[PDB]
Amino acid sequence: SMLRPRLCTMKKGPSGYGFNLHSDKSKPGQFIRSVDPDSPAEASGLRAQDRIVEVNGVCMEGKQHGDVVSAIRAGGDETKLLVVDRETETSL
């Protein structure tokens, strides 16, 4: 598990970025379902099960699937995803 969030910077190719984003039925946030081989997303270091915490420097906390997709699309042909790979908050 990473010690700090990772910034994954990518430019679209002919097939887009090359990842699938999805909601989880049991926990909040938007997660990378898959990363295509030989894609911009793969080259950026993005991995399956990463959770998006920022898009282009904007906090995605509380944002639903469509709002995160919109934020990604709004950046045009490039995106910068700040991601984590584990839970970062717990109520006790």
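Position 1 is the first residue in the sequence shown; the rest follow in order.
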statement: Of 47 to 55 vs 23 to 31, the stretch with the larger average CA B-factor in the entry is 23 to 31
Third of the chain's Cα B-factor distribution that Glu42 belongs to, per the entry: lowest
field: Lowest, middle or highest third - CA B-factor, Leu92
entry: middle
- request: For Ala74, return the chain-relative third of its C-alpha B-factor as stated in the PDB record: lowest, middle or highest.
  value: highest
